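A.B. asks: File target_28.cif follows (mmCIF, C-alpha atoms and all ligand atoms):
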data_query
loop_
_atom_site.label_atom_id
_atom_site.label_comp_id
_atom_site.auth_asym_id
_atom_site.auth_seq_id
_atom_site.Cartn_x
_atom_site.Cartn_y
_atom_site.Cartn_z
CA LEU A 3 -40.99 46.85 -3.40
CA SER A 4 -37.56 47.22 -1.85
CA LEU A 5 -34.76 48.80 -3.90
CA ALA A 6 -32.28 46.40 -2.29
CA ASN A 7 -34.37 43.45 -3.45
CA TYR A 8 -34.75 44.83 -6.98
CA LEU A 9 -31.00 45.44 -7.28
CA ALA A 10 -30.20 41.97 -5.91
CA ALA A 11 -32.90 40.25 -7.99
CA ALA A 14 -31.03 34.44 -14.43
CA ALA A 15 -32.80 31.09 -14.36
CA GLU A 16 -34.26 32.10 -17.72
CA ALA A 17 -30.85 33.17 -18.99
CA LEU A 18 -29.30 29.83 -18.04
CA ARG A 19 -32.13 27.94 -19.80
CA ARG A 20 -31.67 30.00 -22.96
CA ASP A 21 -27.85 29.63 -22.86
CA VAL A 22 -27.87 25.89 -22.22
CA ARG A 23 -30.40 25.17 -24.95
CA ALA A 24 -28.55 27.29 -27.50
CA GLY A 25 -25.12 26.05 -26.48
CA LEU A 26 -25.97 22.35 -26.39
CA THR A 27 -27.99 22.35 -29.64
CA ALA A 28 -25.30 24.15 -31.68
CA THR A 29 -23.21 22.04 -34.09
CA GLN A 30 -20.12 23.20 -32.24
CA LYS A 31 -21.40 22.73 -28.69
CA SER A 32 -20.57 25.36 -26.09
CA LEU A 33 -21.52 26.62 -22.63
CA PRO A 34 -20.91 30.21 -21.48
CA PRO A 35 -18.24 30.68 -18.77
CA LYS A 36 -20.44 33.07 -16.73
CA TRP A 37 -22.14 29.98 -15.30
CA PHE A 38 -18.98 28.46 -13.77
CA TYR A 39 -19.18 30.43 -10.53
CA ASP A 40 -21.91 28.93 -8.30
CA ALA A 41 -20.85 28.24 -4.70
CA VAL A 42 -18.78 25.20 -5.67
CA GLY A 43 -17.25 26.76 -8.77
CA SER A 44 -16.37 29.96 -6.87
CA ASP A 45 -14.63 27.94 -4.21
CA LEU A 46 -12.71 26.09 -6.95
CA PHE A 47 -11.79 29.43 -8.56
CA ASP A 48 -10.50 30.49 -5.26
CA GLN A 49 -8.19 27.48 -5.21
CA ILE A 50 -7.17 28.27 -8.79
CA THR A 51 -5.89 31.69 -7.63
CA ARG A 52 -3.31 29.87 -5.47
CA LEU A 53 -1.95 27.35 -8.00
CA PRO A 54 1.75 27.79 -8.96
CA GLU A 55 0.76 27.64 -12.66
CA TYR A 56 -1.97 30.28 -12.36
CA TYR A 57 0.03 33.49 -12.08
CA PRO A 58 -2.69 36.05 -13.00
CA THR A 59 -4.31 36.65 -9.57
CA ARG A 60 -1.21 37.19 -7.47
CA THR A 61 0.37 39.16 -10.31
CA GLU A 62 -2.51 41.60 -10.57
CA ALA A 63 -2.63 41.65 -6.72
CA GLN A 64 1.02 42.66 -6.73
CA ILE A 65 0.29 45.68 -8.96
CA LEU A 66 -2.75 46.68 -6.93
CA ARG A 67 -0.84 46.52 -3.66
CA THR A 68 1.70 48.92 -5.18
CA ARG A 69 -0.69 51.21 -7.12
CA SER A 70 -4.02 51.37 -5.23
CA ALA A 71 -3.22 54.72 -3.57
CA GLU A 72 -2.11 56.14 -6.89
CA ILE A 73 -5.27 54.81 -8.60
CA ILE A 74 -7.49 56.28 -5.90
CA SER A 75 -5.61 59.59 -6.10
CA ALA A 76 -6.07 59.76 -9.87
CA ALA A 77 -9.76 58.81 -9.86
CA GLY A 78 -10.92 60.86 -6.88
CA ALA A 79 -13.89 58.53 -6.70
CA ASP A 80 -16.06 57.98 -3.63
CA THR A 81 -17.79 54.83 -4.88
CA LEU A 82 -16.21 51.46 -5.75
CA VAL A 83 -18.10 49.49 -8.37
CA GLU A 84 -16.69 46.01 -8.95
CA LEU A 85 -17.70 44.06 -11.99
CA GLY A 86 -17.43 40.41 -11.06
CA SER A 87 -16.90 39.95 -7.32
CA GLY A 88 -15.69 36.88 -5.45
CA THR A 89 -12.00 37.71 -4.83
CA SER A 90 -12.06 40.26 -2.04
CA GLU A 91 -8.27 40.32 -1.52
CA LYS A 92 -8.06 42.69 -4.47
CA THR A 93 -11.22 44.61 -3.51
CA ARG A 94 -9.96 45.34 -0.01
CA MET A 95 -6.82 46.96 -1.42
CA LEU A 96 -8.82 49.57 -3.25
CA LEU A 97 -11.31 50.09 -0.41
CA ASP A 98 -8.43 50.59 2.05
CA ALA A 99 -6.87 53.20 -0.21
CA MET A 100 -10.21 54.95 -0.65
CA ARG A 101 -10.71 54.95 3.12
CA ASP A 102 -7.14 56.23 3.66
CA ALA A 103 -7.90 59.09 1.30
CA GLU A 104 -11.06 59.89 3.28
CA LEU A 105 -13.04 59.40 0.03
CA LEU A 106 -14.88 56.12 0.55
CA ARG A 107 -18.66 56.51 0.75
CA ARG A 108 -20.09 53.60 -1.17
CA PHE A 109 -19.50 50.04 -2.41
CA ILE A 110 -21.37 48.40 -5.28
CA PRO A 111 -20.46 44.77 -6.03
CA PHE A 112 -21.85 43.47 -9.31
CA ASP A 113 -22.15 39.73 -10.07
CA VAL A 114 -24.36 37.26 -11.92
CA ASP A 115 -24.38 35.00 -8.84
CA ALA A 116 -26.53 36.17 -5.93
CA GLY A 117 -24.56 33.98 -3.49
CA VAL A 118 -21.22 35.68 -4.22
CA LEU A 119 -22.82 39.12 -3.74
CA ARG A 120 -24.17 38.25 -0.30
CA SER A 121 -20.73 37.09 0.90
CA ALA A 122 -18.89 40.16 -0.39
CA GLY A 123 -21.60 42.47 0.97
CA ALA A 124 -21.41 40.87 4.40
CA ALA A 125 -17.60 40.88 4.44
CA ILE A 126 -17.12 44.47 3.29
CA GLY A 127 -20.07 45.58 5.46
CA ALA A 128 -18.31 44.32 8.57
CA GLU A 129 -14.92 45.77 7.66
CA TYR A 130 -15.93 49.23 6.41
CA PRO A 131 -18.31 51.07 8.73
CA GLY A 132 -20.30 54.03 7.55
CA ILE A 133 -20.41 53.17 3.85
CA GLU A 134 -23.45 52.56 1.64
CA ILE A 135 -23.62 49.06 0.13
CA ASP A 136 -25.81 48.09 -2.83
CA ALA A 137 -25.36 44.62 -4.27
CA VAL A 138 -26.37 44.44 -7.93
CA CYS A 139 -27.22 41.07 -9.45
CA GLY A 140 -26.87 40.83 -13.21
CA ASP A 141 -24.85 39.97 -16.31
CA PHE A 142 -22.25 42.63 -17.15
CA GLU A 143 -23.10 42.09 -20.83
CA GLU A 144 -26.76 43.10 -20.31
CA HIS A 145 -27.49 44.71 -16.94
CA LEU A 146 -24.98 47.52 -16.37
CA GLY A 147 -27.99 49.86 -16.31
CA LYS A 148 -28.95 48.34 -12.95
CA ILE A 149 -25.85 49.96 -11.43
CA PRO A 150 -26.92 53.11 -9.56
CA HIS A 151 -25.68 56.35 -11.13
CA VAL A 152 -24.59 58.06 -7.92
CA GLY A 153 -21.47 59.83 -6.65
CA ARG A 154 -18.13 59.49 -8.45
CA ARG A 155 -17.72 55.89 -9.43
CA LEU A 156 -14.51 53.93 -9.84
CA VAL A 157 -15.60 50.88 -11.82
CA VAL A 158 -13.10 48.05 -11.63
CA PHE A 159 -13.07 44.96 -13.82
CA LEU A 160 -10.20 42.76 -12.68
CA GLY A 161 -8.84 39.26 -13.17
CA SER A 162 -8.74 39.50 -16.96
CA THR A 163 -12.44 38.64 -16.87
CA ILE A 164 -12.70 40.88 -19.95
CA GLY A 165 -10.58 38.21 -21.67
CA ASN A 166 -13.45 35.77 -21.21
CA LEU A 167 -15.28 37.71 -23.95
CA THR A 168 -14.47 37.16 -27.63
CA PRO A 169 -13.66 40.33 -29.61
CA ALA A 170 -17.14 41.32 -30.88
CA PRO A 171 -18.89 40.82 -27.52
CA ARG A 172 -15.91 42.47 -25.88
CA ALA A 173 -16.19 45.56 -28.08
CA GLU A 174 -19.94 45.80 -27.42
CA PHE A 175 -19.26 45.45 -23.70
CA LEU A 176 -16.70 48.26 -23.66
CA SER A 177 -18.95 50.57 -25.66
CA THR A 178 -21.92 49.89 -23.37
CA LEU A 179 -19.62 50.34 -20.38
CA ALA A 180 -18.55 53.74 -21.76
CA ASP A 181 -22.18 54.90 -22.13
CA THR A 182 -22.86 53.87 -18.53
CA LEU A 183 -19.93 55.91 -17.24
CA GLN A 184 -20.57 59.59 -16.64
CA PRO A 185 -17.88 62.30 -16.86
CA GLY A 186 -15.68 62.01 -13.76
CA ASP A 187 -16.20 58.25 -13.48
CA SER A 188 -13.14 56.02 -14.08
CA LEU A 189 -12.53 52.46 -15.31
CA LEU A 190 -9.82 50.17 -13.88
CA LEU A 191 -9.22 47.21 -16.23
CA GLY A 192 -7.02 44.12 -15.78
CA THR A 193 -5.70 42.34 -18.86
CA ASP A 194 -3.44 39.29 -18.91
CA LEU A 195 -0.71 39.59 -21.50
CA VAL A 196 0.65 37.45 -24.31
CA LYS A 197 3.68 35.46 -23.17
CA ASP A 198 5.27 32.01 -23.50
CA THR A 199 2.55 29.64 -24.82
CA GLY A 200 3.49 26.82 -22.44
CA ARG A 201 3.16 29.08 -19.38
CA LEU A 202 -0.23 30.09 -20.79
CA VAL A 203 -1.50 26.52 -21.30
CA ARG A 204 -0.28 25.29 -17.90
CA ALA A 205 -2.12 28.13 -16.17
CA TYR A 206 -5.36 26.45 -17.35
CA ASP A 207 -4.15 22.86 -16.96
CA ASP A 208 -2.49 22.58 -13.54
CA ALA A 209 -0.93 19.43 -12.09
CA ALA A 210 -3.28 19.43 -9.09
CA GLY A 211 -6.25 18.92 -11.41
CA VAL A 212 -8.14 21.86 -9.91
CA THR A 213 -8.82 23.65 -13.19
CA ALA A 214 -10.21 20.38 -14.51
CA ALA A 215 -12.64 20.15 -11.55
CA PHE A 216 -13.61 23.79 -12.12
CA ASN A 217 -14.37 23.09 -15.80
CA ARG A 218 -16.33 19.87 -15.08
CA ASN A 219 -18.30 21.75 -12.43
CA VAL A 220 -20.25 23.66 -15.13
CA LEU A 221 -21.80 20.26 -15.90
CA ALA A 222 -22.80 19.96 -12.24
CA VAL A 223 -24.39 23.41 -12.38
CA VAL A 224 -26.50 22.35 -15.38
CA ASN A 225 -27.26 18.96 -13.74
CA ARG A 226 -28.65 20.63 -10.62
CA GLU A 227 -30.32 23.69 -12.10
CA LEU A 228 -31.91 21.99 -15.14
CA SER A 229 -32.19 18.37 -13.94
CA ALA A 230 -29.59 16.94 -16.32
CA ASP A 231 -27.56 13.72 -16.09
CA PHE A 232 -24.07 14.68 -17.25
CA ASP A 233 -21.55 12.11 -16.03
CA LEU A 234 -18.72 14.48 -15.09
CA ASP A 235 -15.98 11.83 -15.25
CA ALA A 236 -16.93 11.06 -18.86
CA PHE A 237 -15.68 14.49 -19.91
CA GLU A 238 -11.98 15.30 -20.16
CA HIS A 239 -10.63 18.77 -19.43
CA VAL A 240 -8.55 20.15 -22.30
CA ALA A 241 -6.89 23.57 -22.57
CA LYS A 242 -5.40 24.75 -25.85
CA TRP A 243 -3.66 27.82 -27.24
CA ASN A 244 -5.21 29.44 -30.33
CA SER A 245 -2.37 31.14 -32.20
CA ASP A 246 -4.59 32.96 -34.71
CA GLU A 247 -6.79 34.57 -32.04
CA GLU A 248 -4.13 34.78 -29.31
CA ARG A 249 -6.41 33.12 -26.77
CA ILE A 250 -6.57 30.11 -24.50
CA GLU A 251 -9.52 27.87 -25.32
CA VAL A 252 -10.99 25.55 -22.70
CA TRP A 253 -12.93 22.44 -23.71
CA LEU A 254 -14.70 19.41 -22.30
CA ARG A 255 -14.06 16.35 -24.46
CA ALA A 256 -16.33 13.31 -24.38
CA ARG A 257 -14.21 10.21 -23.66
CA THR A 258 -16.91 7.91 -25.01
CA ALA A 259 -20.26 8.60 -26.69
CA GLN A 260 -22.66 10.25 -24.23
CA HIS A 261 -26.44 10.70 -24.15
CA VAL A 262 -27.62 13.52 -21.88
CA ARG A 263 -31.17 14.23 -20.78
CA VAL A 264 -31.76 17.84 -19.74
CA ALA A 265 -35.19 17.35 -18.20
CA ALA A 266 -35.98 20.99 -17.36
CA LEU A 267 -35.52 21.90 -21.05
CA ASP A 268 -37.26 18.76 -22.37
CA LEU A 269 -34.03 18.24 -24.28
CA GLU A 270 -31.89 15.26 -25.26
CA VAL A 271 -28.39 15.77 -26.64
CA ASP A 272 -25.71 13.42 -27.96
CA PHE A 273 -21.92 13.59 -27.75
CA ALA A 274 -19.86 11.55 -30.17
CA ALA A 275 -16.72 9.92 -28.83
CA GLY A 276 -14.03 12.61 -28.99
CA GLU A 277 -16.55 15.45 -29.42
CA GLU A 278 -15.39 18.69 -27.77
CA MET A 279 -17.54 21.39 -26.20
CA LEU A 280 -16.18 24.91 -25.71
CA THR A 281 -16.69 26.09 -22.12
CA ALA A 282 -14.41 29.17 -22.09
CA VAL A 283 -11.93 31.38 -23.86
CA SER A 284 -9.31 33.46 -22.13
CA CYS A 285 -7.98 36.10 -24.50
CA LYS A 286 -4.43 37.39 -23.97
CA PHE A 287 -3.58 40.96 -24.86
CA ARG A 288 -0.72 43.00 -26.25
CA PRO A 289 -0.22 46.22 -24.21
CA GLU A 290 -0.54 48.57 -27.21
CA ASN A 291 -3.90 47.05 -28.18
CA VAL A 292 -5.64 47.63 -24.85
CA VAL A 293 -5.14 51.30 -25.55
CA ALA A 294 -6.71 50.83 -28.99
CA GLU A 295 -9.67 48.73 -27.75
CA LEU A 296 -10.39 51.33 -25.07
CA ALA A 297 -10.10 54.15 -27.60
CA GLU A 298 -12.59 52.39 -29.95
CA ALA A 299 -15.12 52.34 -27.11
CA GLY A 300 -14.63 56.05 -26.46
CA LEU A 301 -12.52 55.64 -23.33
CA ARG A 302 -9.16 57.35 -22.90
CA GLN A 303 -6.48 55.43 -21.05
CA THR A 304 -4.68 57.72 -18.63
CA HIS A 305 -2.45 55.17 -16.91
CA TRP A 306 -0.84 51.81 -17.63
CA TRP A 307 0.82 49.63 -14.99
CA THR A 308 2.43 46.22 -15.16
CA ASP A 309 4.04 43.85 -12.64
CA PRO A 310 7.83 43.60 -12.33
CA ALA A 311 7.95 40.64 -14.79
CA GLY A 312 5.56 42.11 -17.32
CA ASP A 313 3.06 39.24 -17.04
CA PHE A 314 -0.08 41.33 -16.49
CA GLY A 315 -1.45 44.75 -17.36
CA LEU A 316 -3.69 47.16 -15.49
CA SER A 317 -5.30 50.18 -17.19
CA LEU A 318 -6.97 53.31 -15.79
CA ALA A 319 -9.31 55.14 -18.21
CA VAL A 320 -11.92 57.91 -18.39
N1 LIG B 401 -21.18 37.73 -17.39
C1 LIG B 401 -21.04 37.97 -16.10
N2 LIG B 401 -21.85 38.90 -15.48
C2 LIG B 401 -21.72 39.17 -14.14
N3 LIG B 401 -20.79 38.49 -13.39
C3 LIG B 401 -20.00 37.57 -13.99
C4 LIG B 401 -20.11 37.28 -15.34
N4 LIG B 401 -19.19 36.33 -15.65
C5 LIG B 401 -18.52 36.01 -14.52
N5 LIG B 401 -19.01 36.77 -13.50
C6 LIG B 401 -18.61 36.76 -12.09
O1 LIG B 401 -17.32 37.32 -12.00
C7 LIG B 401 -16.52 36.56 -11.10
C8 LIG B 401 -15.34 36.06 -11.93
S1 LIG B 401 -14.03 35.13 -11.08
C9 LIG B 401 -13.57 36.38 -9.88
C10 LIG B 401 -13.22 37.70 -10.51
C11 LIG B 401 -12.57 38.60 -9.47
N6 LIG B 401 -13.00 39.97 -9.68
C12 LIG B 401 -11.07 38.46 -9.64
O2 LIG B 401 -10.43 39.35 -10.20
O3 LIG B 401 -10.48 37.46 -9.23
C13 LIG B 401 -17.42 35.48 -10.51
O4 LIG B 401 -17.96 35.84 -9.26
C14 LIG B 401 -18.55 35.35 -11.51
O5 LIG B 401 -19.78 34.92 -10.94
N1 LIG B 402 -10.78 35.34 -15.63
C1 LIG B 402 -10.11 34.02 -15.45
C2 LIG B 402 -11.14 32.88 -15.39
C3 LIG B 402 -10.56 31.50 -15.40
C4 LIG B 402 -9.45 31.07 -14.73
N2 LIG B 402 -9.24 29.73 -14.98
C5 LIG B 402 -10.20 29.28 -15.84
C6 LIG B 402 -10.40 28.02 -16.39
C7 LIG B 402 -11.47 27.87 -17.23
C8 LIG B 402 -12.34 28.93 -17.52
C9 LIG B 402 -12.14 30.17 -16.98
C10 LIG B 402 -11.06 30.37 -16.12
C11 LIG B 402 -9.13 33.80 -16.58
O1 LIG B 402 -9.50 33.80 -17.76
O2 LIG B 402 -7.94 33.66 -16.32
#
I'd like the structure from this file rewritten - as structure tokens, please.
C.D. replies:
Amino acid sequence: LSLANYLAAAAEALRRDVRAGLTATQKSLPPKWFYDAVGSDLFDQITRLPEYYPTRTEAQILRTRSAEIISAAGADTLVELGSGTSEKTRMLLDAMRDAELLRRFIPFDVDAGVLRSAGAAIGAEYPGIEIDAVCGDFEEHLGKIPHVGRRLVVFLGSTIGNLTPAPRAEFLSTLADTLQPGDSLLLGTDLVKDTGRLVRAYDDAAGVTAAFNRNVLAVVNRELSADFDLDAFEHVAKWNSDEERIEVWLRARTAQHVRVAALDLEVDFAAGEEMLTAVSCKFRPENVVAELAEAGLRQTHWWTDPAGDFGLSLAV
């Protein structure tokens, strides 16, 4: 009966996704499922690897531009699509508080655990603001986001790059319909650059990205009673020149037979068979403008870091 419980209210979606992904001829698993407690902690670690420049690069821009962004938006409500990295969130909240504008915070995530942490953290640090955690998939459940106040919706970390172009276009269009006049969108997009720098960012020496990738198998093992042997799958990251995107795979070292008991499903991996677990699309600055335009959104500002590694867009 409680609004807070409705908003914070997945298991069905994982079942559907795992069945479809593992029974396809080209096997795949969606990257939205990487970020359980263990995966989120590993992502955290990823944000501090020397190879993985995106987080600190976008953080650098936000540290410099948050006050400008807040000034331009005039928003009183921060909506974050995909939570879990509060260092960036705090920068925008601080600026909104500085401006005497901050009334409300709405974190949005597919993982209920991540929402609780962010809600608790921001709740303790920002007195006198309304907090509504919204649990959902940003490809399906944007409607669950309350339509209140003037909302600055932020979608950082190049998470938009984890959508392929058709789903990405549908996401932007649905996002645009959810925004009301006066609302603003802040979008982070990692940029095309040296291909070796790109591959290494998803294939670090410390082996952390590999553990992060293999952890999706642990999620499925736990949630659906499967028996993936994690060490039997090799992490592989590749650049796709045609699509200008990183592609992340798990490759079976030897033939594998996997029983997914909760789905009453048995699946086979040939030796050398690869399963797609993520893409990370890299953008050209002029194209972000075009993709936003297609969705009916008008980019009003573009910022980049001092090295030009990463892009941040403000639109209405
Ligand atoms: N399809 C989806 N719907 C809702 N949340 C998603 C999602 N796919 C990934 N996420 C969430 O988004 C986060 C991505 S990693 C952290 C992103 C953070 N905003 C940053 O910039 O660093 C995770 O918490 C993950 O659970
Ligand atoms: N949004 C992040 C997510 C990510 C970082 N490292 C990964 C490794 C595998 C899959 C996804 C990721 C990115 O594409 O940069």
A.B. asks: With all atoms listed in the file as the basis for distance, which of A:82, A:282, A:118, A:294 is at the shortest distance from ligand LIG 401 (chain B)?
C.D. replies: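 Selected residue with least distance to ligand LIG 401 (chain B): A:118.
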A.B. asks: Measuring between only C-alpha atoms and all ligand atoms, which one of A:275, A:22, A:262, A:53 shows the shortest distance to ligand LIG 402 (chain B)?
C.D. replies: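 Answer, going by the shortest atom-to-atom distance: A:53.
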A.B. asks: Report, in Å to a single decimal, how far apart CA of residue 189 in chain A and CA of residue 87 in chain A are.
C.D. replies: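 CA of residue 87 in chain A sits 15.5 Å away from CA of residue 189 in chain A.
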A.B. asks: For ligand LIG 402 (chain B), list the contacting residues at 10 Å or closer, counting only C-alpha atoms and all ligand atoms, as a VMD selection string.
C.D. replies: chain A and resid 34 to 36 38 to 39 46 to 48 50 to 51 56 to 59 86 160 to 167 192 to 194 202 205 to 208 212 to 218 220 239 to 241 249 to 253 280 to 286
A.B. asks: Taking only C-alpha atoms into account, name the residue in A:318, A:85, A:222, A:195 that is nearest to residue 73 in chain A.
C.D. replies: A:318
A.B. asks: Could you tell me which of A:96, A:28, A:103, A:133 comes closest to residue 190 in chain A if we count all atoms listed in the file?
C.D. replies: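 Once distances to residue 190 in chain A are computed over all atoms listed in the file, the minimum belongs to A:96.
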A.B. asks: Go ahead and compute the interatomic distance for atom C10 of ligand LIG 401 (chain B) and CA of residue 226 in chain A, in Å to one decimal.
C.D. replies: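 For atom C10 of ligand LIG 401 (chain B) relative to CA of residue 226 in chain A, the distance reads 23.0 Å.
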A.B. asks: Given the choices A:71, A:83, A:279, A:293, which gets closest to ligand LIG 401 (chain B) if the distance is worked out from only C-alpha atoms and all ligand atoms?
C.D. replies: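 Of all the options, A:83 lies closest to ligand LIG 401 (chain B).
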A.B. asks: Around the point (-26.5, 33.1, -7.4) in the file's coordinates, collect all residues with an atom within 9 Å, using only C-alpha atoms, and return them as a PyMOL selection string.
C.D. replies: chain A and resi 14+39-41+113-119+139
A.B. asks: Could you tell me how far CA of residue 224 in chain A lies from CA of residue 8 in chain A, in Å and to one decimal?
C.D. replies: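 It comes out at 25.4 Å.
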A.B. asks: Output, as lines of an AutoDock Vina configuration file, the centre and edge lengths in Å (one decimal) of the axis-aligned box that contains all listed atoms of range 57-66 of chain A with 4 Å of margin on each side.
C.D. replies:
center_x = -1.6
center_y = 40.1
center_z = -9.9
size_x = 13.3
size_y = 21.2
size_z = 14.3
A.B. asks: Need to verify the contact set: residue 263 in chain A, 6 Å, only C-alpha atoms, exclusion of same-chain residues closer than 6 positions in sequence. Can you return it as a PDB file with C-alpha atoms, in the frame of the given file?
C.D. replies:
ATOM      1  CA  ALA A 230     -29.590  16.940 -16.320  1.00  0.00           C
ATOM      2  CA  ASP A 231     -27.560  13.720 -16.090  1.00  0.00           C
ATOM      3  CA  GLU A 270     -31.890  15.260 -25.260  1.00  0.00           C
TER       4      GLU A 270
END
A.B. asks: Between A:70, A:30, A:308, A:121, which has the minimum distance to ligand LIG 401 (chain B) (counting only C-alpha atoms and all ligand atoms)?
C.D. replies: A:121
A.B. asks: Got a sec: who's within 8 Å of range 298-306 of chain A, counting only C-alpha atoms, leaving out chain neighbours fewer than 6 positions off, as a list in words?
C.D. replies: residues 173, 176, 177, 180, 315, 316, 317, 318, 319 and 320 of chain A
A.B. asks: Quick one: write out the picked residues with C-alpha atoms as a PDB file, keeping the file's coordinate frame?
C.D. replies:
ATOM      1  CA  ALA A 173     -16.190  45.560 -28.080  1.00  0.00           C
ATOM      2  CA  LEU A 176     -16.700  48.260 -23.660  1.00  0.00           C
ATOM      3  CA  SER A 177     -18.950  50.570 -25.660  1.00  0.00           C
ATOM      4  CA  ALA A 180     -18.550  53.740 -21.760  1.00  0.00           C
ATOM      5  CA  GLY A 315      -1.450  44.750 -17.360  1.00  0.00           C
ATOM      6  CA  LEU A 316      -3.690  47.160 -15.490  1.00  0.00           C
ATOM      7  CA  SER A 317      -5.300  50.180 -17.190  1.00  0.00           C
ATOM      8  CA  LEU A 318      -6.970  53.310 -15.790  1.00  0.00           C
ATOM      9  CA  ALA A 319      -9.310  55.140 -18.210  1.00  0.00           C
ATOM     10  CA  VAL A 320     -11.920  57.910 -18.390  1.00  0.00           C
TER      11      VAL A 320
END
A.B. asks: Tell me which residues come within 6 Å of (-12.6, 13.9, -27.7), as a ChimeraX atom specification, counting all atoms listed in the file in the file's coordinates.
C.D. replies: /A:255-257,275-278
A.B. asks: Pick out the residues sitting within 10 Å of residue 105 in chain A, and hand them over as a list in words; count all atoms listed in the file, and ignore anything fewer than 2 positions along from it in its own chain.
C.D. replies: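 Counting only the stated atoms, we get residues 74, 75, 78, 79, 80, 81, 97, 99, 100, 101, 102, 103, 107, 108 and 154 of chain A.
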A.B. asks: Do a neighbour search on residue 174 in chain A at 9 Å with only C-alpha atoms, toss out local chain neighbours closer than 4 positions, and write the hits as an MDAnalysis selection string.
C.D. replies: chainID A and resid 143 169:170 178:179 299
A.B. asks: Missing atoms in range 258-270 of chain A should be modelled up to N, CA and C atoms and reported as a short mmCIF file (atom, residue, chain, number, x, y, z; two decimals), in the frame of the given file.
C.D. replies:
data_model
loop_
_atom_site.label_atom_id
_atom_site.label_comp_id
_atom_site.auth_asym_id
_atom_site.auth_seq_id
_atom_site.Cartn_x
_atom_site.Cartn_y
_atom_site.Cartn_z
N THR A 258 -16.11 8.89 -24.30
CA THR A 258 -16.91 7.91 -25.01
C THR A 258 -18.19 8.62 -25.42
N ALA A 259 -18.97 8.03 -26.32
CA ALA A 259 -20.26 8.60 -26.69
C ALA A 259 -21.12 8.81 -25.45
N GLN A 260 -21.81 9.95 -25.37
CA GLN A 260 -22.66 10.25 -24.23
C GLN A 260 -24.05 10.70 -24.67
N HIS A 261 -25.07 10.23 -23.96
CA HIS A 261 -26.44 10.70 -24.15
C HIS A 261 -26.86 11.42 -22.87
N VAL A 262 -27.27 12.68 -23.02
CA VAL A 262 -27.62 13.52 -21.88
C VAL A 262 -29.05 14.00 -21.98
N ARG A 263 -29.79 13.77 -20.90
CA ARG A 263 -31.17 14.23 -20.78
C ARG A 263 -31.18 15.48 -19.92
N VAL A 264 -31.56 16.61 -20.50
CA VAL A 264 -31.76 17.84 -19.74
C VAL A 264 -33.26 17.98 -19.56
N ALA A 265 -33.75 17.50 -18.41
CA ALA A 265 -35.19 17.35 -18.20
C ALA A 265 -35.92 18.69 -18.15
N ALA A 266 -35.34 19.67 -17.48
CA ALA A 266 -35.98 20.99 -17.36
C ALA A 266 -36.19 21.68 -18.72
N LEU A 267 -35.39 21.32 -19.72
CA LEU A 267 -35.52 21.90 -21.05
C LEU A 267 -36.26 20.97 -22.02
N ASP A 268 -36.63 19.78 -21.53
CA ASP A 268 -37.26 18.76 -22.37
C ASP A 268 -36.36 18.54 -23.57
N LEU A 269 -35.09 18.29 -23.28
CA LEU A 269 -34.03 18.24 -24.28
C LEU A 269 -33.13 17.03 -24.12
N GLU A 270 -32.89 16.33 -25.22
CA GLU A 270 -31.89 15.26 -25.26
C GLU A 270 -30.77 15.63 -26.22
#
